[PDB]
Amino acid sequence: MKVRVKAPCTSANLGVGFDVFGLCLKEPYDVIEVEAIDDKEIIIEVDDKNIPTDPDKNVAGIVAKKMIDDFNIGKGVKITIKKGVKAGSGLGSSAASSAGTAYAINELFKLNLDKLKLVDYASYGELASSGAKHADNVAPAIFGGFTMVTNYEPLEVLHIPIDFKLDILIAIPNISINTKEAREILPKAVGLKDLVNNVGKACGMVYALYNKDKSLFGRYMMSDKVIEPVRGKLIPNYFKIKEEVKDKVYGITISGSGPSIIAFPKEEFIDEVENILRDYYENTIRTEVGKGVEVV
């Protein structure tokens, strides 16, 4: 009586889509197994010592409990987690565990819940463990492709599948940003011109996806002047890296609250761009747009 699932990392914000946009990655990913156990308790194991095992501290245990409670399920569960990336790297590591667990509980106990609801449950994990019920990383983890969190009370997620090829390159610095360090730096106010610029460019990115225009998508993605300039200073060599890959990528920006960098390399320069990245950051991986949590 168990299910095993692959829950992917995700890149949020994408420049002008701050707190709205999310892109699902194929890799890295967590591998999560959930087993129904008679002992009405929640047991968790993780292969990353720096991550809690306390069912009330580990995001997977927080999600599992809320769902077992809401559905008055009898069994308890043993969750075994094999982490894809460290926390604080801006690749939605916590979201992968939250979305993966919601999806796994739904499969294991045949709850037949729609994706939006799995995103909502997963969001609780992000809350209890970050004070904010943010869903811009768990929405793409569940839906796959590109998502937009367009409302919170009640949650609304709009999904745009990506059926064309989009090569992704992710550089992962050896530093960490806890998503609390993440928001303090955030400006409290924005100028009207910036609001107008980000709305226009974010809308242009949506148009670009429907018209499968990667140059347009990438160019507008790099137009944010409200947050990116601030956060970029927290990443060693980030502006130098952008400059150096300038004409070989459709676009490059910070993934989530950072420090990881996400680039969309032009087809003819993918190796060159991957080496430039790896030259500053050894932990560089090549991937593409993913499909969301799936049974394995």
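Heads up: residue numbers just count along the shown sequence, starting at 1. Only the largest set of C-alpha atoms that superpose within 1.5 Å between the two forms is called the rigid core.
Student: After a rigid core fit, does 130-138 or 85-93 show more C-alpha displacement in 4 other deposited structures of this protein?
Tutor: Evaluated in 4 other deposited structures of this protein, the stretch farther from the shown form is 130-138.
Student: Hey, after superposing on the core, which one moves around more in 4 other deposited structures of this protein, 71-79 or 113-121, CA-wise?
Tutor: After superposing on the rigid core, the more displaced stretch in 4 other deposited structures of this protein is 71-79.
Student: Going by the mean C-alpha B-factor recorded in the entry, which is higher: 271-279 or 8-16?
Tutor: Mean CA B-factor is higher for 271-279.
Student: Look over 58-66 and 254-262 in the entry and identify the one with the greater average Cα temperature factor.
Tutor: Averaging CA B-factors over each stretch, the winner is 58-66.
Student: Go through 110, 183, 117, 219 one by one and give the residue whose Cα B-factor in the PDB entry is largest.
Tutor: Checking the PDB record, the top C-alpha B-factor among 110, 183, 117, 219 is at 183.
Student: From 92, 187, 100, 144, which pick has the Cα B-factor that tops the rest in the entry?
Tutor: Each of 92, 187, 100, 144 was compared by C-alpha B-factor; the highest is 187.
Student: With respect to C-alpha B-factor, does residue 178 fall in the lowest, middle or highest third of the chain as deposited?
Tutor: Its C-alpha B-factor belongs to the highest third of this chain's values.
Student: What third of its chain, lowest, middle or highest, does the C-alpha temperature factor of residue 124 fall into?
Tutor: It belongs to the highest third of the chain when residues are ordered by C-alpha B-factor.
Student: Going by what the PDB entry lists, where does residue 85 fall on CA B-factor within its chain: lowest, middle or highest third?
Tutor: Ranked within chain, residue 85 CA B lands in the middle tercile.
Student: Using the B-factors in the PDB entry, rank residue 132's C-alpha atom against the chain and give the third, lowest, middle or highest.
Tutor: Ranked within chain, residue 132 CA B lands in the highest tercile.
Student: Going by the CA temperature factor in the PDB record, which third of the chain does residue 215 belong to: lowest, middle or highest?
Tutor: For residue 215, whose C-alpha B-factor we compare with every modelled residue in the chain, the answer is the middle third.
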